[PDB]
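This report refers to the structure that appears directly beneath it.
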Amino acid sequence: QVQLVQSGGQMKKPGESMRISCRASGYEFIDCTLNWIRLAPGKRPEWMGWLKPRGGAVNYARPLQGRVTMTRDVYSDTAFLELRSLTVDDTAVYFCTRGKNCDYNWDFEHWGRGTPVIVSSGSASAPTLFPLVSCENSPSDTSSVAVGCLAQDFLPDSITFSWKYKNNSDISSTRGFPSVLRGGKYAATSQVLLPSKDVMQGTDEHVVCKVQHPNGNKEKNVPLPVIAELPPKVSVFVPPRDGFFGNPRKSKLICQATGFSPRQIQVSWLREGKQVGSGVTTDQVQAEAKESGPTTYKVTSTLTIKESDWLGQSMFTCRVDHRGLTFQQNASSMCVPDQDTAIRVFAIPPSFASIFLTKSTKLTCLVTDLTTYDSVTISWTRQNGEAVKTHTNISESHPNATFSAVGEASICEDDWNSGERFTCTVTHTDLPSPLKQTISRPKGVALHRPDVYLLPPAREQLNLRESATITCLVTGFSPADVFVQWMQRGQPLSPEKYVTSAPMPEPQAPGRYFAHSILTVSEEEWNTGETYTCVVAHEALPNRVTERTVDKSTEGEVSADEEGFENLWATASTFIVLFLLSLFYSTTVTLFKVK
Amino acid sequence: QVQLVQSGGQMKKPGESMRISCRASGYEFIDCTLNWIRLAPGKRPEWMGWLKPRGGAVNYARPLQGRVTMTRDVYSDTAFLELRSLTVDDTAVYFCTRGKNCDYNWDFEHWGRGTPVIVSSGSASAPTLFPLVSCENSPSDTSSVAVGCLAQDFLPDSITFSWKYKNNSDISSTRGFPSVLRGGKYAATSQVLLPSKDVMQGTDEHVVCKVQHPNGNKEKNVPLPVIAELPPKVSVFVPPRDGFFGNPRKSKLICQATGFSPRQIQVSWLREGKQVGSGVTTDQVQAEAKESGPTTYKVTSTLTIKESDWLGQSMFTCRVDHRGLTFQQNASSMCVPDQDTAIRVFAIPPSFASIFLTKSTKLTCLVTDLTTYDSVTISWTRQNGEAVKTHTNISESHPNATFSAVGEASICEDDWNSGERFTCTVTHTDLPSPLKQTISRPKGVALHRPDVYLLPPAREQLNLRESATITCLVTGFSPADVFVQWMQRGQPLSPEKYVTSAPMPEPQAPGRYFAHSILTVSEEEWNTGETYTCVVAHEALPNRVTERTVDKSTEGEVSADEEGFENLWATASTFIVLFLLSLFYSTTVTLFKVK
Amino acid sequence: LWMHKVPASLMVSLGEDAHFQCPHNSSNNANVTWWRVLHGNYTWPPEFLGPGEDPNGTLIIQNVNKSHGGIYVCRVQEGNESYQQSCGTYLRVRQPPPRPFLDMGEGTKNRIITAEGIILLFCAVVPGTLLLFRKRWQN
Amino acid sequence: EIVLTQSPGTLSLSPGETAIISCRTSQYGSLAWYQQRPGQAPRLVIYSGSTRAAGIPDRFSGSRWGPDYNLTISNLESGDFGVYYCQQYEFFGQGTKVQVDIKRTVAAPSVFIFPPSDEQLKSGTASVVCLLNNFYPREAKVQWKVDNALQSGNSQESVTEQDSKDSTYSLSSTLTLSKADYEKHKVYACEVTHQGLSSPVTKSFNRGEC
Amino acid sequence: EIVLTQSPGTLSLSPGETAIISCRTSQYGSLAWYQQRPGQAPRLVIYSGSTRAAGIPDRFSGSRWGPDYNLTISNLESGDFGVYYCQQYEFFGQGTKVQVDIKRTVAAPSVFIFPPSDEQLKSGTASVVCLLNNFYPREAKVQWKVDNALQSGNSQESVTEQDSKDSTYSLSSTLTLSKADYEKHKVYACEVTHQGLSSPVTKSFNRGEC
Amino acid sequence: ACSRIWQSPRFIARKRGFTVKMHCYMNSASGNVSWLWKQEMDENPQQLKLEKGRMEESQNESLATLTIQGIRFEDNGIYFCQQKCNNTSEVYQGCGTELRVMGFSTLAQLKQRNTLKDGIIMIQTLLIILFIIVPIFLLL
Ligand SMILES: *[C@@H]1O[C@H](CO)[C@@H](O)[C@H](O)[C@H]1NC(C)=O
Ligand SMILES: *[C@@H]1O[C@H](CO)[C@@H](O)[C@H](O)[C@H]1NC(C)=O
Ligand SMILES: *[C@@H]1O[C@H](CO)[C@@H](O)[C@H](O)[C@H]1NC(C)=O
Ligand SMILES: *[C@@H]1O[C@H](CO)[C@@H](O)[C@H](O)[C@H]1NC(C)=O
Ligand SMILES: *[C@@H]1O[C@H](CO)[C@@H](O)[C@H](O)[C@H]1NC(C)=O
Ligand SMILES: *[C@@H]1O[C@H](CO)[C@@H](O)[C@H](O)[C@H]1NC(C)=O
Ligand SMILES: *[C@@H]1O[C@H](CO)[C@@H](O)[C@H](O)[C@H]1NC(C)=O
Ligand SMILES: *[C@@H]1O[C@H](CO)[C@@H](O)[C@H](O)[C@H]1NC(C)=O
Ligand SMILES: *[C@@H]1O[C@H](CO)[C@@H](O)[C@H](O)[C@H]1NC(C)=O
Ligand SMILES: *[C@@H]1O[C@H](CO)[C@@H](O)[C@H](O)[C@H]1NC(C)=O
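Residue numbers (the deposited numbering), protein chains in the order written: chain v, 11 to 62, 62A, 63 to 92, 92A to 92C, 93 to 110, 110A to 110D, 111 to 597; chain C, 11 to 62, 62A, 63 to 92, 92A to 92C, 93 to 110, 110A to 110D, 111 to 597; chain A, 33 to 171; chain R, 1 to 30, 33 to 91, 96 to 216; chain L, 1 to 30, 33 to 91, 96 to 216; chain B, 42 to 181.
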């Protein structure tokens, strides 16, 4: 019949006070003693103290002394418990218990229904979201990659964990963990297991971890456990001839390795097939300063090298192995030593014909005998050192196993005519030094108006079997350039049918030059009325151009009728016949025997 | 006679309460009102409230409302003051004051002796020790180095500062600062001035700063300021000709500086003596890990250079300054590896002209770049190594600045024709390795004999009575060596009267060449019937020579019909003559016969 | 269409006056210009020789000599449209021969030589035998 | 916190099995055990060491051997699940949580590890996680091993409720350390032992080189 | 914190000189001045603004000019040094600390600067110190300069007791800032002005490059 | 597509006997050319007077040509190349190639022969008058 009746639940605030009643029935109140016990989740039950209804004697616990007060009403058979200065840690279920018998109060067999007391707030600190990534790439058959999101500094315990993709798609493979209290604050973590194929093929670089809390919702990006992949090579660095003065004739060689994402590498030095570990100092692999993109790193390696074997040209190869692949490099050689130089550099000046026809003054620097074409650089510089624009062109991989390059620059006619000096500068990785040339215009020249004569093949020497050869002789022109062209039937013939020679100087007529131009015909079309002209264009000519002509016939100055061609046969025949008649009449005369 | 008597001092703890009595004498207690004043050090005086003895009326201050209780005894003429929930901030001296006159209680002229109350005087929180190092290197007679130690997070006010060296020697030049309370915690600092000589020569790298507090003593080592000075070693490294990559081919230079003491260094890259800051990358300065000696520092600067710029011989300089001392190092693509003594040696072979004129094939090893001519030896070694009798003569003066000499040896014609290996050895004491030059002519070029056609001067040319130009056109010789020389009567014309062209390829037939020769005859030496013979010599000709003759009236215009015309007119003229003569004879005879 | 109607050649002697014409049918304000072009499908620009003097673009070359041989071409153009170009007038030069007798053709000379031969033969044969018979008959 | 210490903090047993809860007291006094169902108030089951309370079934029986007291139930029931706490005078024990455990085939827990985040390490302390998901056996000995030194005191484990479908639990061990002490070691491992593994798992990670 | 303002936070005067203390009140009410000797209780010297109290020597005299009141003593004595504060009804001033100052030759304060320690910055906030040892004339105007921006409020001065032998005072101004605010500047200076110099000292330091 | 016709030589002057060629760079697939002849610059008839011997005209599908092997003095004139373009009803026409056949006997020979012929004619006339006068006076 003994039963304990308690008051209802109450929601209090920090600093306030709570009061709970404990009605006892079915037994003598002044006989048994009542005690108050509070049971909080995650903690052992705590006895707040016992109260004696007879006389009001009470005994409160040391931890609750000064804040807990116990009273009771003998007539009403009800006990009271007052707890002032409530806090967040005081939130628990308050129940009143009585001993099974009056002799032993510790045997709490009868207990009340309990009056929960909730104390909201007190700290009010929102959780902070921290991303969690897998630390070890497990070598097992893991078809999914594990990622996590850790929430810390949460004063209360109420967190809802959600995971969403970049496309706002919710992740259903989420696994939450129980909240853990650390230093008066609750910490909770959530993990989401996403498929490896989805991470390796999806364009979403990170997952969105959403945590909902009463003090404010928080979101944090969770990057996937992936990195870039391309690190692998290195470069070597030699010191100069002056650089070997560490003491007696010593220096160090430097190898640099960069463009490395995945950290795992191995650095080593080799010399003619043996691993070198002497004087080798390896630095850490630090991160390159990149605003965005791959997280490639960089490292420099150093060997304290000696010059004695460097004079012996002992090799040094710097290698690294990354992503299961080995890279290689071995610094040596005396800056591409000699006995391997074969390059032809021709600086072609602009002719007068090209200037007067195409109106452009294009300096040209033809380079041949090349073995490769990666490093060649042709630069046209003016006389005063100011570089002129140039447009290199590499093509025509000749059967001679060499490549040809040309760099053409355009200049104004005024500067070229003034006598300025232009210097082609060819530089290449197979050369020890730049290969300079120079062209200019010989301003100190005169004009002397060449004379063009066109010659027949040969009186009867060439013209006996085939293949005649007519020459166009040009003599006397002073300014050392000319341009002869051959035409046949009103049309320019072909540049590959005739050969014109350079303006060589002359026999005794100082100051002027001469040239030639031969053309070859088949001689079945020479005694067949064909006509060839030789058009010669020179600067000193009155019209800057002229032309001559030979066909098969020398010349003539008559009208073909004022030479008496149609009557001469008649005159010859009549005079023969009448001379014979006179030679018969003379005898008839001389024979007369006149008395 | 008015005097106020207070109770004795009391030492309380947090949570407890204090009670103070204030007895008044010499005046009517119920007449004047008593007030409570507490004086806390470092703070303004605070009035706890006033109490009226008549009726017990009191008025406590708002800040102390709820924690202050005022009582008094009219019969005993003594007042009471109770302060519950005492804290550390309540530690002050409580005094009772009375007004000078009953009308104005504010003019407190009579005050009691006071009852000091100490609440938890001992420091609870342990101080936090952080060493303090001088930030500015004062250059104004800094004969003493100032080092400090900062103590923070200390409760109340109890700190004792002691400074000792590594050898346990106490420092007497210690100067501490007053305690400062920030954020509820006291902060104190201690400073000590050490001699410059002792810091510079002492073996102790740090001093021991001892702080004594009631909550526990703490020690913090203060590093000794100012270190030694070392010169920064400078190194510059360059890539070899194989270290360039990328479409805009480029590589790196490194200026690695080590041994710069204090904390600082500057490094700059200069292009051709002009400052440049594009592409320069200098790593952050870092200390070198050394197990002993002063802490040395390292830095590496990186510059990127295009292969076009690097191969352009332009100078690249690393300019570094340290403690006001500037250092520079230069690097550029300079090799100059070979010796500058006589190196360029040409072994000119015997031309065909030489074989046709001198009747012997001679080898000519000509040494150039020669600076001294007392030890040079020239020897000609055949294919089997046997030598033949050479000859020497050394050029003098400065034909090409340097001197030169000639080595010549005559060999049989068949030896050259067979194309055996021939070598000329040049040896000089200045040359560690005797340079060897070789020459041979074994080939499979065919022997196509030339064709010599001799052309008379053009008719248009002779009309001017100035000069005439005779062409000896040689066409179709397969090896490119020919020898043309004219002949006037029986003796060769002097070689300045004709000019012979260089052999050029023939467009009509690949693998065959042609050449011209030009003689000028002054239009009267041609018009007076002289003859000219062009004597061509070549390998494939029958007896190594041919000759064509052209001498004014040879042949020319054929014009068969024209010759028929001329013969017809000659016939007509002669028969007219004969007919007229026959008439004369007949008429003379018949007039003789009539008379 | 005044092209195709210009003479195909001009005959003139050394050191003499050469008159060309450009007989266009345009609106009596066209800018006539006289050029000197090469033979056929040339590649070099023509030699501007100046406008016509005045009447109908007539060109007057004076003191003609051996350098002046070539093709001469007008380029009449009215307003702003494209020029229309004469075909050419090849100027050829020579020195004319004089002749002592009254130049009497050449075939005329041969015909007269033959006629005089016949007449002379008959005037030789007839009187000769006539007076040789008469004397013998007289004797 | 008190002299009375309960050995089994939690007990995952199926209906029909025997649940044993031990509590050793280091003081003189009668020991009593009370069972508190979810929501309902605690009910006295065993009093004075081995004396059964009124209405207590004979299945639950307590035994005392010197200072150690053990309460064993011979028949798990629907109403026998809950929280059992031992009480000695005014002191109560930490309690024992008896929860149902659905039987299933023994599986292998995928052992994982999470290093401290860059943002977390820069500001304050660092937490090292150790995830063990898809585990059939609730019992597991997850011991943190940093540089082969067994840690004790700074570890914090967490086990989620058994999955309704797969009947598998997940265990996460978060090792909370300071940034000024976590940099002294680089070899961190979580030795995970379970019935589904022939040998203990040694999933480790190296600091820096990741 | 009150309407009563006591500008004389410190007073370094020698026996024979005149000490001037001001107290501005922004409320209606009689103003009184009290003197508190070391250890002894406060004593009323001036009451009702300018009325002398009983036993007050004629050397001390008070004057009132609108809201500002001035209490000046024309003759410093051994017993005239102490703590003097103004009182207005229940509100009192901060008090004036009058202390003896032995006269000596004007000295030059050796100005220095201490950057925050690496360990101090790693854990919490940072402190910028500036010590001026061996300085005569305790009055000194030390103004912290961070990137030529005169700070106000975040500074904290500290003056040691006058040396018995050298009669020189040492003043140190510790400027405390936060780690998230100290990284926005690198040029830190403390402009120290005194009678012994010609132009105020500007001993500065640059963070990072040391 | 009917491009303009142009004819290569504007003036040919050769000795009699030699061949002569005249080229007419027509348009290819527009029609067969046909040369014309014009003794002066008035009006041109068709030269269907091409004997199978001397005149023969051909067509190289972009160049039509006419060759006259035996050049005699009666060949002077201007030769055109009227081609009946087949896009409309009109016919183009190249402009002329004036052939003036020259002859043998260069100027010096012409002068010498003229002087000799003049001497012969004067001598013969003198003999004519002498032989007509002498018998009449002798037979008085
Ligand atoms: C080089 O010449 C070719 C033609 O052969 C042309 O296509 C190319 O653009 C040229 N390159 C230059 C001018 O850089
Ligand atoms: C090809 O190379 C040969 C030499 O190997 C050289 O003689 C020739 O001129 C080259 N061809 C060119 C430049 O077109
Ligand atoms: C000098 O050298 C020339 C050839 O250069 C040679 O003919 C001559 O014999 C040499 N003189 C002597 C004395 O050897
Ligand atoms: C002189 O010039 C250079 C010098 O190096 C040399 O190559 C050249 O052959 C020399 N000339 C003669 C004619 O010896
Ligand atoms: C006439 O035409 C020529 C040809 O283009 C032109 O150069 C010249 O300026 C013109 N003269 C005028 C329009 O007066
Ligand atoms: C002139 O010759 C060039 C050379 O290719 C050609 O393209 C052009 O068509 C020719 N002109 C005529 C009108 O045939
Ligand atoms: C117009 O006609 C002809 C063109 O050849 C010319 O002779 C005549 O002088 C010209 N006259 C005028 C006024 O243009
Ligand atoms: C005509 O004049 C002389 C005469 O021979 C000649 O030299 C000149 O070139 C010719 N041309 C001109 C324009 O004088
Ligand atoms: C002729 O054509 C030109 C084209 O530039 C134009 O500017 C001009 O106005 C035209 N003439 C007239 C009269 O409009
Ligand atoms: C075009 O003219 C040629 C030349 O006579 C002739 O052979 C050919 O048949 C003509 N074409 C047609 C379609 O009649």
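We put the CB at the ideal spot given by N, CA and C, even for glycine.
Taking C-beta atoms as the reference points, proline 115 of chain L and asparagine 140 of chain L count as a pair closer than 8 angstroms. Under the three-state reduction of DSSP output, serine 142 of chain v falls in the coil class, being neither helix nor strand.
Here DSSP, grouped into helix, strand and coil, assigns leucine 313 of chain v to helix.
Secondary structure note for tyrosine 515 of chain v: its beta strand (DSSP E) is the uninterrupted segment 515-517. The beta carbon of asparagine 97 of chain A does not come within 8 angstroms of any beta carbon belonging to chain v, so the residue lies off that interface.
A:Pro77 is the residue among A:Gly47, A:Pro77, A:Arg126 and A:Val64 whose C-alpha sits nearest the C-alpha of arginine 546 of chain v.
Shown here for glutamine 268 of chain v: same chain residues with a beta carbon closer than 7 angstroms to its own, the five before and five after excluded, namely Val322 and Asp323 in chain order. Comparing C-alpha distances from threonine 93 of chain v to each of v:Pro434, v:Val579, v:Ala126 and v:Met336 shows the shortest one belongs to v:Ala126. Neighbours of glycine 160 of chain B in chain C, taken as residues whose beta carbon is under 8 angstroms from its own, are absent, since the nearest beta carbon is some 11 angstroms off. With a cut-off of 7 angstroms, the C-beta of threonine 65 of chain A is classified as near ligand 5, since at least one heavy atom of the ligand falls inside that distance. Approximately 30 angstroms separates the beta-carbon atoms of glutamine 105 of chain L and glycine 29 of chain L; this is outside 8 angstroms, ruling out the contact. DSSP places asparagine 45 of chain v inside the beta strand (DSSP E), whose first and last residues are 44-49. Residues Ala349, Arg423, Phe424, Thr425 and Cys426 of the same chain have their beta carbon placed closer than 8 angstroms to that of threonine 440 of chain v, with the five preceding and five following residues left out of the count.
Taking 8 angstroms as the threshold, the shortest C-beta distance from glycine 47 of chain A to chain C does not fall below it.
In the three-state reduction of the DSSP assignment, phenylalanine 98 of chain R falls in the strand class, which pools E and B.
At a cut-off of 8 angstroms between beta carbons, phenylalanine 567 of chain v contacts chain B. It is roughly 56 angstroms from the alpha-carbon of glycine 81 of chain L to the alpha-carbon of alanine 186 of chain R. A distance below 8 angstroms separates the beta carbons of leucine 70 of chain A and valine 537 of chain v. Under the three-state reduction of DSSP, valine 149 of chain C is assigned to strand. By the C-beta density criterion, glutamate 541 of chain C is buried, having at least 16 other C-beta atoms within 10 angstroms.
Between the alpha carbons of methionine 79 of chain C and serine 65 of chain L lies a distance of about 36 angstroms.
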